[PDB]
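Consider the single chain below, provided in C-alpha cells and representing the form deposited in one PDB entry.
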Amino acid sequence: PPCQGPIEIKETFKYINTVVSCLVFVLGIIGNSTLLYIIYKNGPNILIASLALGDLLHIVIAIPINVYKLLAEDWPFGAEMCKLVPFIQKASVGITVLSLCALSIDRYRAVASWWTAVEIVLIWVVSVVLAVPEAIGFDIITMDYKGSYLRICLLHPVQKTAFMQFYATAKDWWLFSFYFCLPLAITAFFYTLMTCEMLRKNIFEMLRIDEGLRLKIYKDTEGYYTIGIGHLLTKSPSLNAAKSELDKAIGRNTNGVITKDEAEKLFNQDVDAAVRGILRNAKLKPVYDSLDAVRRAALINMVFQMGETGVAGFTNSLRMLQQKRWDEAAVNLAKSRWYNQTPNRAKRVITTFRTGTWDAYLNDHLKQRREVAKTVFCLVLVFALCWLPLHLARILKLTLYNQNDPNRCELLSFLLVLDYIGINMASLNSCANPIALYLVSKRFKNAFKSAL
C-alpha cells in the first residue's frame, strides 16, 4: 500500500519527448499531405491514399493531446472530448492496419492473376464500429489524491454492461491480437503466397524460353508430338493417336487447339509432378533441398527436359551444386552430352546455377515491378517495430503491476515514459509511410522530388 512517488515524468524527459513529438508531427503532416496531393493529381493508388488519410488522422488526433497531457498534466475539456479523442484514435488505427492488409492482398492478387473502393467503405465502417467501445467506456472521474483534487479522463473501471466490463479489463489484449498480431499474420501469409506465386511465374517464363509455347499440337526437336510447354502427350508415331490422347488429356477438347491460360494450367501440373518426382528420388532430393528458389527452378528445368532419371546421372555436378561449388559445377556441366545437344538451353541453365539469378530469362521491367511490391512490404516491418513499444507497455501494465507490491510506483513511473515513447513510435510509423514509400518505389521518388 505505501509508495515511492510516481509523478515520474522527469522534467528532462518532458523536453526530449515533446521535441521528438514536434519533429514527428510536422514531418508526418508534411509527409502524408504531399503524398495525398500526388494521388489526387496523377488500384494501389487509392489503398495508399486511404492509408495516408489514416496516417494524417492519427497524427492530428494522437500527438497534440498527448503533448498537452504531458506538459499540463490535466484534462481541461469536457466528457465529450474524453469519449471522442480515444474513439477517433482507435478508428484511425483500424483504418491504418486494414489499409495495410488490403494493400498486401492487392499485391498478391495482382501477381496471382494469370470492388476496390468497396473495401475502402468496408474498412472505414469496420474501423469505426470496432472503435465504438472506446467512446462508451471512457468517462471523467475526480478524486482527492495526496494534497490535490484531480479530474481524470480514463477508461472507467465500472461499466453499465457486462460486455463493456469485459472490454475495460481485456482491452489491451484485444488491441494486441487484432491491431498487431492479426495484421502481421495476414500480411506475412499473403507475402508468402505472393513470393510462391512470383516463383511459379518466373519458372513459366524460364521454360517458355528454353522449351517454347505452342497452342496447337506440334512435333518436337527429338521428333515427338508435344503441346503447351514441353508437355509430352504420347510417344507414339501416329498423329491420330496424338489427337486422341490430347483430347483425353484435357477433358474438354477444343478440337486440338488451346489458349494461353489452358497451357499455363497444364504447365503447373507438370511442375508439381516434377517437384514430386525430385522429392521421391533419393539422388535428387538432398541436392534440391540445399538449393535456393532460383537454382531449384534450374534443376526443375533439367528434369523437364531429361526426366528425373536422366538428371540423376549428373552425379559429379549434383554433388558440386549441393556443396555450393557454382563455378566448378558450371564447368563440369559444359562437358556433357546435354550441353552439346542443346547449347542455348544449357548455357542459360548453367548461367542460372552459376549466378543464382533470373538474369538470363526475365526482362528488367518485370524485374523492377516485382522488387517494388516485395520490398514495399517493409511497411509492415516498420509497422511491427513502431507499434511494439506501445503494445509492450500496456502488456507490462497488465502483467507486472500488483497493487499489493509496494515498489510498484517505480514501475508506474517507468510505464509513463514507455507510454509516451510508444505513442511517438506509433506516430512515427504514420510519419514514415511516405518516407519509406518514397525511398522504395523509385517512381514515387521522382514524383516526390518534382515538388521541391
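Throughout, we count residues from 1 along the sequence that is shown. Definition used throughout: the rigid core is the maximal C-alpha set that superposes within 1.5 Å between two forms.
Another form exists, deposited in another entry; not displayed. Remarks below refer to it.
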statement: Only one of 94, 86, 230, 137 passes the 2 Å C-alpha shift threshold between this form and the one not shown with the rigid core fixed, namely 230
- request: Taking the rigid core as the superposition reference, indicate whether the CA of residue 73 shifts 2 angstroms or more between this form and the one not shown.
  value: no
- request: Would you say whether residue 107 is displaced between this form and the one not shown, judging by a C-alpha shift of 2 Å or more on the superposed rigid core?
  value: no
message: So that I can tell if residue 352 moves, could you say whether its C-alpha shifts by at least 2 Å between this form and the one not shown after the core superposition?
response: yes
